[PDB]
Each structure stands twice: as C-alpha cells, then as structure tokens.
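Visitor: I have a structure I would like to understand better, so I am pasting it below and will then ask my questions one at a time.
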Amino acid sequence: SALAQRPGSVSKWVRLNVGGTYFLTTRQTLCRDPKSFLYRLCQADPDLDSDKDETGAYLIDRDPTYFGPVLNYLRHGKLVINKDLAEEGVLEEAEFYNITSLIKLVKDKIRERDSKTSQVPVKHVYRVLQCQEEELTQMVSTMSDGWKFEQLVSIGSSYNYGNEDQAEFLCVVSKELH
Amino acid sequence: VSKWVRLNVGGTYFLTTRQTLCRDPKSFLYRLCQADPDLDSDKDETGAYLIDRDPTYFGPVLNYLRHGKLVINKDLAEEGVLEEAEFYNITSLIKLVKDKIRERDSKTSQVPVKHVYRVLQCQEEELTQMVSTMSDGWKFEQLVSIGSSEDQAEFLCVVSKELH
Amino acid sequence: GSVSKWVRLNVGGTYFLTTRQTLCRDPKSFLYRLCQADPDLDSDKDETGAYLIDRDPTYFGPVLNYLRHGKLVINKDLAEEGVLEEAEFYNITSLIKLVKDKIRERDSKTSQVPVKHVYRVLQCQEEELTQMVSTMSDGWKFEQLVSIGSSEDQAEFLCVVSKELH
Amino acid sequence: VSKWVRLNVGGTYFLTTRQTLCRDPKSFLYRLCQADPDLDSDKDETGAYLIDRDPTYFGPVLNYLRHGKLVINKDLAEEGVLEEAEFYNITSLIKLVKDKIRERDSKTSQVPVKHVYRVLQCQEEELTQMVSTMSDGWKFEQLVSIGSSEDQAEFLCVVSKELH
Amino acid sequence: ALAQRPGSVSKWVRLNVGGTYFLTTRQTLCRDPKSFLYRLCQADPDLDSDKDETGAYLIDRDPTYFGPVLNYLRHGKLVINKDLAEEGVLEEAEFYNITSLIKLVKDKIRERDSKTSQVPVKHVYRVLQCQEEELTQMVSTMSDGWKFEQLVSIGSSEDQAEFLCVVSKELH
C-alpha cells in the first residue's frame, strides 16, 4: 500500500501498453499538451502506480492501432495517418486522451475529405469564333492548344446577297480550367 | 481481484479492463468479466484467457465495448466483423454492423446526379457575350438557329448543370 | 475420453492458437493429423509446443477462419491467389471451391461492357420547349434537338433524349 | 545442419525448412541450407540466421522458394520485391517480377478504341421507331432535316458503335 | 566467468525504434556520415544511456515510417508502399538528417501532386465536304482513328457539293 513510489517512477523513457501492443517514448514527449490524460505520466503521477504492470509499462484500455498518429503528433506537432486508418477512430482517441490542439486538426481532416469529393468539376470556358467558309478549314485546324470543338453552325447557306455581306459561320469552342 | 484482464485471441494478446467486458452482459465476454470458474482452464501460463477466434477482426468488437461506436479500418472486411459480433453475442453491435453492409452496398448506382437544364434565348449580336459570360457550373450542350432572315427568337440554346 | 483442448501453430514464423476441435472440420486435410495428435509429427514440434508449418501465415488466416465458422473472409489487401495455394497445400476441398468462385466473380468483373442506351424523339413547340427539358424525369439525359424549318401549324421542334439501361 | 531453419530478416523472425532454401543453389540463401561455417558468426542467441534486409518484401521471395509462384499483396511495391529478389539472386524470380512490372506499367495507355459509323434514313412517320428501335450497342450521334415545309427521303441520321 | 561476449564485438546492431525492434548491420547506418544514425554506428558514448536492458539502442520515433529510411540506406533506393503517407516519411528523414533521402522524399511528394494530368491529350480537326448520295460512304470508309463530330447542311430547294462535315483525330 504505497510506502513510496517505484524506482522508475520518473525515468526518461516510458513504456506504454496501449491496449496490448507496447509503445516506447520519452516521458518528456508526453509534456507537450499539459491538459492531456498523458500529462499525468509526464509528472510522475502516483495515481498511476496501479495501472502499471510487470514490465513497468503504463496500461491503457484503448486501441493501439489508432493511438499511433496521436503519439506521433505529440512527437513533432504534425498529423500522420496512413491511408487505411479510419480518421473517426483517431478522433475518438484524440478526445479520450484529451489533446485540444490535435482534435481541431482531426476534425479538419474529416471535413477536408467530405469536401474532397464534393465539387462541380472543371469550370469550362467557352468562346465563339466567327469566320467565312473560305477559311473554315483553316480556322478549325489552327485552333489554339487545349481548346476543343463544341459545335459550329451555319449562318446563311445558298450564295450571298450583294457585293458584300455577313461572314457565313460561327463556331463555339471550349477549354478546360483545372 | 484485478481491474485488468489479458486475452489471447487466436494467438495475439489483448489488454483490457474487467469493466469494458460487461458493457453488454449477455455476451460471451461477460463470463470472463465475472471471474468464472468454467473459463479457468482456458487460461494459459501467463494468465490470459484463450479464445479460438481471429483477432484481426476482434479489434472493432473491443472498441465498441469501450466507447459504443463502430470503428472499421478501410481494408477490414465488414462481413468478418459481423461473424465475430454474432459469435460473441453482442446484439446492439450486430444491428450497427448490418447497417454498414447495407450502407455501402447500395453505392453500386451508376445512377448519376440528375442534370437540370435550361433553355436560353438570345440574338446574334450578344451570342459570343452570352457564351463567355456563362455563370458558375453551367456547361454548354447545344445552340440552334430560329432562322436568320416582330422580334421572337433569333437563336435558342441549351445548357446543363450538375446537382450533386 | 480426453480433452487436450488447445493447440499452437507456428505457421511460417508467426504463431497461432486454435482448438483441437477446429482442426477437425475437414477430415481429409493435413490439419486433421494435428487434430488426432499424430506421432509422425512429434519432430515438427518446437520447444514452445507448437507445430511447425513451412507456409505463409499472412494467408493462413482465411484458411483457419473457414475451419472456425465455415465462411470465406478475405481482407481487401490480401490477394486471393495466395488463399488458393494455401487451400490446396492444406487440402480443404470445400474451401478450394469457394476461393475459385471469388476469382471468377471478380476477374470477370474487370471486363467492362458498354452501357446500353434507349433513345426517344420528342416534339414540342417553342413556347413549351423550356418546360419539356427542365421537367424531364430522373436519368433521362439530353442529346440533340433540331428545328423543323425555323420560321399552317405543324410542329416547331423535335428533340432526342436518352437514358442509360444499367 | 538439422531440418528446420529460422531466419531473422530485418528483425522479424521467419521459419522455414532447409529444403525450401536449396531450391536455387546460386542464391545467397543456399549457404544457409548447406550449413556454412562462415555464416555462423551471423547467428544470434535464438539460433536464427541474421539478414540485414527488409522482411516486408522478403515474404514473397520466401514464398516462391516453397511453391514456385509469384504471390503479391495489393498494397506492397513490386519495385521493392524486384530489389530484394536481385540481392538474394534468384534469376527465375527476377524474371517473373520484371514481367509483373511491365505487365502493369503503361497500363494507362490504350490504342483509341476505333469507331464504325452508319447513316440511317427514314421518313416523317417511322422516325420515332428508327431511334426507339436501335440495334444493341450503337449510339446516337446526329440527325438531319432534308427540307421541311411523290415522297423521297425526309430524315438522315448518323450513328456509331464502339469496337473493343 | 570467461573473457568476452559471443556477440559484443559485433557487426550487428539492434534498434528499439518507437517500440518495435529493428535489426541491421553497423556498416549500414554509416552510409551517410551526416545522419543521426552514424553515431550509433560508431558506438558513441553520449548514447550509452539510450540503450535498453538488451543492447538495442532506443529511438523515440515511428517505426511504420522508419522502414523506408532503413531501406534507402541498405540499397540507395526509395521504397514506399501504396498505403504509407509520403509526408510522414519526410519527417523521419528530416529528424535523422539523411540529406540525399530528403531530396528524394520531397521529389515524390511533388511527383504525384504534380500529376493533375487532365491535360487534354490533343485533337486535330478537319472539315470534309460531300454530297447527299456519297454521305453514307464518307462516314464509313473514313480513315483509321478519326472520329465523327458534327455535320452541317448547305442549301436545299450545278454539281459541286451539299454537306460539310467536321471530324476529329487524337494526337497520341
């Protein structure tokens, strides 16, 4: 019944037993955000000397898989998620441990990808080129790079009017905008 | 008399508290929680309880029993979850697990987001203008004459939009 | 009337625990010899008790799952071809069927057949044109439309619309 | 020189039988199948042989030696297999993997699925029919009036078909 | 009591990176004299307290990104699997200070973000002209690779012609 704490109670290197798969990290990493459950470890908390085991690991009834990204964040202040981990189980772990900074960023991600699908795609831009027939072949083959043919449409077919008169063709052409 | 319980699930070991293995008291797991003299021999030398089931699927099961949510990693197949939910007898989860299966099954739809349309009208003079100026999201499908000889039309013109 | 219940497998390095009884679902399979406690494999047992098996464990999961619950559970990363080979070596006829249905299921899914279309020509005068196109039922896409004279009564326009047949 | 042999590729143990490692006698591994006096420093406490390489990619290789097939999990990089194949020197497997890599590279590059076209003809009355009764797989492209105000043709109508 | 450890004067070096043990040879870690690792390579005294109860040196970083690092060293080539986050490697490269790696790791991060290639693979366009009678023919005896686009009528009520016809062709 605690006479005093245990020889490792302040060690540099701390062993966590996050739900089964043991983790390794330096006590001081845990002192990054001083409102987290884990900040207790950082400060030698004597309430934890019954949730430590045989190896002197700290125990944690939570999911080792999801924990990683968290422990990394504490290590360098960055969000790392492999492409198969499910970000919501990262949220649930961010809350449980209580890392106010992180939780903001996870829920940023969660929107960022519910955004990522949402779009109206490729804001196409259109242009109406006009020419006579005598240069139709020309106008079509000498379009600019990237632009596509959408439609063209006659404007009067069956000889002219007088010693002058309106062009003869339109042509609408498009381009992407990625 | 320990708060903690080790589980040898198919081979790999799992750590968790007596407290988490009784959130649903009809389950198999509940007996462990209850310090049962009928699952004593099903412990190994290091103390764990032995459980002839694949663990890679037993993950999400144990998470639910912790925070009451469903957490499935993109690659893990739901169908393998369900079997473990049903083997362990955790009805509330099974409900959730079959809702995921119906959830993502119905996504085979090649049934697209319905395009709405509009039929614009303008004269020749403001046609180039009309086209280039075109508002946000609207694509161009076709235009047509109404004869280039009382206003009525000079040109008509169709255009589409997505509505997801 | 003995009950030596549990047994450890050293499949390819990574251990496995499963009950004697699980390994007696297909009595024509290699694993049935482990189940009967065969003296001819006492020298394929290491120190820790387990049975040595010179095969890939990443794929031996699905195979052992079938013998627990009689179903085919395959994660999306694991390639089914590897489940087949293991299924053959261990010799689980029932399973070798199931695994070979999966492959033909999927390796004939990647064959992408053109979508069929149904096509109709409507016909609507100028006034009621706008109305026609913007009201269209679900699925029906636009295709073309043509003036029939652009200038008595008749019909003013026609129009082709179309719809997937998935 | 027993029967069973333990490796230790990159710090994650492998188990296999002498017999699997003699398949190719011009590969590094072959020395571990004979019982080499000069690869006995590189044994550890557990008796296993030590190998400074990456055990992710080593699996496939070791598989090929057991049953002569190139099995790969979908996520893993073939380029990493190639490289581990080469190191160990299995000329058979380097060929199989350099097949796999050519087999899927330049995947995203098809010869332009050629198109064949027709030009259907009809009159006022059967118009609706011609379109509504179109052969399997042909697509609509364009239709044309021929002078709308003793019979002749009234409507000409182009149509395509993909040739996969 | 004898003399020395059947395994002290050893080529082999155990790391306990973030909690999952890695094995490698002294000769491997030394590939870049500038890196953090180069020190454990050379059995540094200012690290003899980051070793554990069984000889492996300790590193507070994430193994699941380490891998690639320890590979590049072994064989001077960048390997990452399709599911690992390329960004997370950059950090583990920058912490260890492997300069040649950090030029590669970033070049891949460009390489695939630098790949919105909706870049319209080009099309050349032509304008054909044929009468009514030989209008079915043109369309079908049309050359290899060309597609149809649109066609436009020219005056229905002298031999010349009666229809234009636009037709595309891809430029792969």
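How things are named: the first chain in the structure tokens is A, the next is B, and so on; residues count from 1 in each chain; ligands count from 1 in the order shown.
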Output the contact residues of chain E with respect to chain D at a cut-off of 7 Å, based on only C-alpha atoms, as an MDAnalysis selection string.

Guide: chainID E and resid 21:25 79:83 136 139:140 145 147 156

Visitor: For residue E:119, please output as number ranges by chain all residues within 12 Å (counting only C-alpha atoms; exclusion window: fewer than 4 positions along the same chain).

Guide: A: 122, 145-148, 175-178; E: 115, 123

Visitor: In Å, with one decimal, what is the gap from atom CA of residue C:54 to atom CA of residue C:22?

Guide: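 Going from atom CA of residue C:54 over to atom CA of residue C:22, I get 20.1 Å.
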
Visitor: Tell me the residues of chain C close to chain E, meaning within 12 Å using only C-alpha atoms, as a PyMOL selection string.

Guide: chain C and resi 77+144+146+149

Visitor: Write the residues you've just listed into a file as a compact mmCIF listing (two decimals), in the first residue's frame, and include C-alpha atoms for each of them.

Guide:
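The result, written out as part-v3.txt:
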```txt
# COMPACT_ATOMS: atom_id res chain seq x y z
CA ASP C 77 -5.30 -6.16 -49.42
CA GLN C 144 -29.74 16.86 -79.56
CA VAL C 146 -33.49 20.23 -84.34
CA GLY C 149 -37.98 24.82 -90.59
```

Visitor: Would you mind listing, as an mmCIF file with N, CA, C and O atoms, in the first residue's frame, all residues of chain C that have at least one atom within 10 Å of chain D, where only C-alpha atoms are what counts?

Guide:
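Saved file part_1.cif follows:
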```cif
data_model
loop_
_atom_site.group_PDB
_atom_site.id
_atom_site.type_symbol
_atom_site.label_atom_id
_atom_site.label_comp_id
_atom_site.auth_asym_id
_atom_site.auth_seq_id
_atom_site.Cartn_x
_atom_site.Cartn_y
_atom_site.Cartn_z
ATOM 1 N N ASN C 10 2.888 -22.904 -35.507
ATOM 2 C CA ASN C 10 3.984 -21.983 -35.854
ATOM 3 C C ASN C 10 4.013 -21.742 -37.353
ATOM 4 O O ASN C 10 5.047 -21.847 -37.991
ATOM 5 N N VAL C 11 2.871 -21.392 -37.918
ATOM 6 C CA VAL C 11 2.780 -21.211 -39.354
ATOM 7 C C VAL C 11 3.718 -20.122 -39.839
ATOM 8 O O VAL C 11 3.448 -18.936 -39.687
ATOM 9 N N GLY C 12 4.838 -20.549 -40.403
ATOM 10 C CA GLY C 12 5.762 -19.653 -41.095
ATOM 11 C C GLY C 12 6.433 -18.586 -40.263
ATOM 12 O O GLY C 12 6.837 -17.553 -40.805
ATOM 13 N N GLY C 13 6.560 -18.844 -38.960
ATOM 14 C CA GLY C 13 7.146 -17.883 -38.018
ATOM 15 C C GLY C 13 6.167 -17.290 -37.007
ATOM 16 O O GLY C 13 6.397 -17.379 -35.796
ATOM 17 N N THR C 14 5.075 -16.702 -37.496
ATOM 18 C CA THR C 14 4.081 -16.060 -36.637
ATOM 19 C C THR C 14 3.136 -17.105 -36.026
ATOM 20 O O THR C 14 2.472 -17.818 -36.763
ATOM 21 N N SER C 43 8.373 -34.515 -34.155
ATOM 22 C CA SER C 43 9.628 -33.825 -34.506
ATOM 23 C C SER C 43 9.425 -32.585 -35.395
ATOM 24 O O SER C 43 10.399 -31.991 -35.867
ATOM 25 N N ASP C 44 8.168 -32.208 -35.631
ATOM 26 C CA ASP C 44 7.838 -30.905 -36.229
ATOM 27 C C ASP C 44 7.227 -29.959 -35.186
ATOM 28 O O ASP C 44 6.633 -28.926 -35.523
ATOM 29 N N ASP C 46 8.294 -27.561 -32.045
ATOM 30 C CA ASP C 46 9.439 -26.853 -31.479
ATOM 31 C C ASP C 46 9.404 -26.972 -29.949
ATOM 32 O O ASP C 46 8.727 -27.850 -29.412
ATOM 33 N N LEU C 52 5.313 -26.904 -36.385
ATOM 34 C CA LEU C 52 5.999 -26.114 -37.390
ATOM 35 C C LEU C 52 5.318 -26.377 -38.713
ATOM 36 O O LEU C 52 4.994 -27.508 -39.027
ATOM 37 N N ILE C 53 5.058 -25.321 -39.462
ATOM 38 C CA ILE C 53 4.442 -25.430 -40.769
ATOM 39 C C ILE C 53 5.145 -24.427 -41.671
ATOM 40 O O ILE C 53 5.184 -23.241 -41.363
ATOM 41 N N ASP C 54 5.707 -24.907 -42.778
ATOM 42 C CA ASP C 54 6.580 -24.098 -43.624
ATOM 43 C C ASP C 54 5.812 -23.298 -44.692
ATOM 44 O O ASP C 54 6.186 -23.286 -45.857
ATOM 45 N N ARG C 55 4.760 -22.605 -44.281
ATOM 46 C CA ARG C 55 3.887 -21.897 -45.217
ATOM 47 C C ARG C 55 3.674 -20.467 -44.752
ATOM 48 O O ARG C 55 3.941 -20.146 -43.601
ATOM 49 N N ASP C 56 3.158 -19.622 -45.638
ATOM 50 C CA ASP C 56 2.956 -18.213 -45.315
ATOM 51 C C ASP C 56 1.754 -18.021 -44.411
ATOM 52 O O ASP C 56 0.642 -18.375 -44.819
ATOM 53 N N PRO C 57 1.959 -17.456 -43.194
ATOM 54 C CA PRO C 57 0.851 -17.124 -42.298
ATOM 55 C C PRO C 57 -0.048 -15.972 -42.729
ATOM 56 O O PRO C 57 -1.218 -15.987 -42.399
ATOM 57 N N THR C 58 0.451 -14.979 -43.449
ATOM 58 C CA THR C 58 -0.448 -13.891 -43.845
ATOM 59 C C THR C 58 -1.706 -14.446 -44.542
ATOM 60 O O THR C 58 -2.792 -13.862 -44.429
ATOM 61 N N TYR C 59 -1.552 -15.579 -45.237
ATOM 62 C CA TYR C 59 -2.646 -16.205 -45.987
ATOM 63 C C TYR C 59 -3.345 -17.331 -45.226
ATOM 64 O O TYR C 59 -4.474 -17.681 -45.546
ATOM 65 N N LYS C 76 -9.243 -6.781 -48.025
ATOM 66 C CA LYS C 76 -9.122 -6.236 -49.375
ATOM 67 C C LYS C 76 -7.679 -6.219 -49.885
ATOM 68 O O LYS C 76 -7.454 -6.292 -51.096
ATOM 69 N N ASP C 77 -6.702 -6.149 -48.983
ATOM 70 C CA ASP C 77 -5.302 -6.160 -49.421
ATOM 71 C C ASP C 77 -4.808 -7.568 -49.811
ATOM 72 O O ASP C 77 -4.130 -7.704 -50.837
ATOM 73 N N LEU C 78 -5.163 -8.596 -49.023
ATOM 74 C CA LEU C 78 -4.762 -9.998 -49.301
ATOM 75 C C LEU C 78 -5.224 -10.486 -50.679
ATOM 76 O O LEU C 78 -6.415 -10.423 -51.004
ATOM 77 N N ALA C 79 -4.278 -10.976 -51.482
ATOM 78 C CA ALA C 79 -4.583 -11.456 -52.828
ATOM 79 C C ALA C 79 -5.104 -12.891 -52.753
ATOM 80 O O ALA C 79 -4.474 -13.777 -52.168
ATOM 81 N N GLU C 80 -6.269 -13.100 -53.355
ATOM 82 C CA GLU C 80 -6.994 -14.379 -53.267
ATOM 83 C C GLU C 80 -6.220 -15.579 -53.839
ATOM 84 O O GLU C 80 -6.431 -16.718 -53.414
ATOM 85 N N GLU C 81 -5.328 -15.316 -54.792
ATOM 86 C CA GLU C 81 -4.489 -16.366 -55.378
ATOM 87 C C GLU C 81 -3.682 -17.063 -54.293
ATOM 88 O O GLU C 81 -3.486 -18.279 -54.343
ATOM 89 N N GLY C 82 -3.220 -16.291 -53.314
ATOM 90 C CA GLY C 82 -2.437 -16.840 -52.208
ATOM 91 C C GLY C 82 -3.267 -17.671 -51.248
ATOM 92 O O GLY C 82 -2.744 -18.570 -50.582
ATOM 93 N N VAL C 83 -4.561 -17.352 -51.177
ATOM 94 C CA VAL C 83 -5.516 -18.107 -50.364
ATOM 95 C C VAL C 83 -5.792 -19.441 -51.025
ATOM 96 O O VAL C 83 -6.075 -20.429 -50.353
ATOM 97 N N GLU C 85 -3.571 -21.184 -53.048
ATOM 98 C CA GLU C 85 -2.428 -22.087 -52.905
ATOM 99 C C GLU C 85 -2.409 -22.745 -51.528
ATOM 100 O O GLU C 85 -2.237 -23.957 -51.411
ATOM 101 N N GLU C 86 -2.612 -21.949 -50.488
ATOM 102 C CA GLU C 86 -2.640 -22.474 -49.127
ATOM 103 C C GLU C 86 -3.764 -23.483 -48.969
ATOM 104 O O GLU C 86 -3.558 -24.562 -48.412
ATOM 105 N N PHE C 89 -2.471 -26.773 -50.584
ATOM 106 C CA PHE C 89 -1.458 -27.463 -49.763
ATOM 107 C C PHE C 89 -2.057 -28.142 -48.535
ATOM 108 O O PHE C 89 -1.766 -29.301 -48.250
ATOM 109 N N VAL C 113 -18.304 -3.918 -69.833
ATOM 110 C CA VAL C 113 -19.164 -3.948 -71.026
ATOM 111 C C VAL C 113 -19.855 -2.604 -71.245
ATOM 112 O O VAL C 113 -20.398 -2.023 -70.301
ATOM 113 N N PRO C 114 -19.833 -2.095 -72.493
ATOM 114 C CA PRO C 114 -20.543 -0.845 -72.779
ATOM 115 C C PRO C 114 -21.981 -0.821 -72.234
ATOM 116 O O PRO C 114 -22.688 -1.836 -72.272
ATOM 117 N N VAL C 115 -22.387 0.338 -71.722
ATOM 118 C CA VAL C 115 -23.757 0.558 -71.262
ATOM 119 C C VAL C 115 -24.689 0.718 -72.455
ATOM 120 O O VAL C 115 -24.381 1.465 -73.380
ATOM 121 N N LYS C 116 -25.814 0.003 -72.438
ATOM 122 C CA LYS C 116 -26.839 0.147 -73.474
ATOM 123 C C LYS C 116 -27.658 1.400 -73.208
ATOM 124 O O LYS C 116 -27.811 1.831 -72.066
ATOM 125 N N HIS C 117 -28.192 1.974 -74.278
ATOM 126 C CA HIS C 117 -28.984 3.192 -74.186
ATOM 127 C C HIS C 117 -30.325 3.015 -74.899
ATOM 128 O O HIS C 117 -30.428 2.227 -75.834
ATOM 129 N N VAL C 118 -31.350 3.713 -74.418
ATOM 130 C CA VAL C 118 -32.630 3.784 -75.105
ATOM 131 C C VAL C 118 -32.834 5.222 -75.482
ATOM 132 O O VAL C 118 -32.477 6.099 -74.727
ATOM 133 N N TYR C 119 -33.399 5.458 -76.653
ATOM 134 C CA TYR C 119 -33.428 6.791 -77.232
ATOM 135 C C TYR C 119 -34.804 7.133 -77.754
ATOM 136 O O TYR C 119 -35.414 6.309 -78.418
ATOM 137 N N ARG C 120 -35.267 8.359 -77.511
ATOM 138 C CA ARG C 120 -36.588 8.796 -77.951
ATOM 139 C C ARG C 120 -36.565 10.174 -78.546
ATOM 140 O O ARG C 120 -35.817 11.028 -78.100
ATOM 141 N N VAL C 121 -37.411 10.384 -79.547
ATOM 142 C CA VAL C 121 -37.560 11.677 -80.190
ATOM 143 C C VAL C 121 -38.873 12.301 -79.747
ATOM 144 O O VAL C 121 -39.942 11.814 -80.117
ATOM 145 N N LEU C 122 -38.792 13.360 -78.942
ATOM 146 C CA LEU C 122 -39.962 14.145 -78.573
ATOM 147 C C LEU C 122 -40.202 15.236 -79.625
ATOM 148 O O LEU C 122 -39.505 15.315 -80.642
ATOM 149 N N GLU C 143 -29.700 14.999 -75.654
ATOM 150 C CA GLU C 143 -28.772 14.582 -76.712
ATOM 151 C C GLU C 143 -28.655 15.630 -77.797
ATOM 152 O O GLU C 143 -27.579 16.158 -78.049
ATOM 153 N N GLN C 144 -29.757 15.916 -78.463
ATOM 154 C CA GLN C 144 -29.737 16.861 -79.564
ATOM 155 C C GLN C 144 -31.131 17.432 -79.688
ATOM 156 O O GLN C 144 -32.056 16.936 -79.045
ATOM 157 N N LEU C 145 -31.271 18.502 -80.459
ATOM 158 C CA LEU C 145 -32.574 18.940 -80.913
ATOM 159 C C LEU C 145 -32.472 19.728 -82.201
ATOM 160 O O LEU C 145 -31.472 20.379 -82.471
ATOM 161 N N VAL C 146 -33.531 19.681 -82.991
ATOM 162 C CA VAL C 146 -33.494 20.229 -84.340
ATOM 163 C C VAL C 146 -34.740 21.029 -84.647
ATOM 164 O O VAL C 146 -35.843 20.605 -84.324
ATOM 165 N N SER C 147 -34.570 22.186 -85.273
ATOM 166 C CA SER C 147 -35.725 22.942 -85.714
ATOM 167 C C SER C 147 -36.238 22.321 -87.010
ATOM 168 O O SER C 147 -35.451 21.859 -87.837
ATOM 169 N N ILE C 148 -37.558 22.283 -87.166
ATOM 170 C CA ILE C 148 -38.172 21.749 -88.377
ATOM 171 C C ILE C 148 -38.690 22.899 -89.225
ATOM 172 O O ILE C 148 -39.901 23.110 -89.376
ATOM 173 N N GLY C 149 -37.725 23.643 -89.761
ATOM 174 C CA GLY C 149 -37.982 24.817 -90.594
ATOM 175 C C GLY C 149 -37.396 26.124 -90.061
ATOM 176 O O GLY C 149 -37.029 27.014 -90.867
ATOM 177 N N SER C 150 -37.293 26.235 -88.723
ATOM 178 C CA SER C 150 -37.060 27.526 -88.025
ATOM 179 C C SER C 150 -37.584 28.778 -88.818
ATOM 180 O O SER C 150 -36.811 29.570 -89.390
ATOM 181 N N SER C 151 -38.913 28.904 -88.859
ATOM 182 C CA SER C 151 -39.594 30.054 -89.457
ATOM 183 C C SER C 151 -41.117 29.913 -89.255
ATOM 184 O O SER C 151 -41.568 30.079 -87.889
ATOM 185 N N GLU C 152 -51.379 27.164 -91.618
ATOM 186 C CA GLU C 152 -50.222 26.393 -91.148
ATOM 187 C C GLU C 152 -50.252 26.229 -89.611
ATOM 188 O O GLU C 152 -50.972 26.954 -88.906
ATOM 189 N N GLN C 154 -48.278 22.756 -87.902
ATOM 190 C CA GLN C 154 -47.279 21.667 -87.798
ATOM 191 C C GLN C 154 -46.647 21.513 -86.386
ATOM 192 O O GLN C 154 -47.274 21.860 -85.378
ATOM 193 N N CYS C 159 -36.649 16.670 -80.862
ATOM 194 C CA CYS C 159 -35.629 16.574 -79.834
ATOM 195 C C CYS C 159 -35.331 15.146 -79.460
ATOM 196 O O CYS C 159 -36.255 14.396 -79.183
ATOM 197 N N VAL C 160 -34.049 14.786 -79.406
ATOM 198 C CA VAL C 160 -33.655 13.444 -78.989
ATOM 199 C C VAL C 160 -33.152 13.452 -77.560
ATOM 200 O O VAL C 160 -32.261 14.211 -77.222
ATOM 201 N N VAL C 161 -33.727 12.601 -76.729
ATOM 202 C CA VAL C 161 -33.272 12.449 -75.363
ATOM 203 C C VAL C 161 -32.905 10.975 -75.214
ATOM 204 O O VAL C 161 -33.070 10.215 -76.168
ATOM 205 N N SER C 162 -32.390 10.569 -74.059
ATOM 206 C CA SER C 162 -31.768 9.265 -73.959
ATOM 207 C C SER C 162 -31.565 8.912 -72.530
ATOM 208 O O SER C 162 -31.529 9.789 -71.693
#
```

Visitor: Can you tell me, as a PyMOL selection string, which residues in chain E count as helix (DSSP H, G or I) by DSSP?

Guide: chain E and resi 26-29+38-41+45-47+63-75+86-96+99-113+135-140
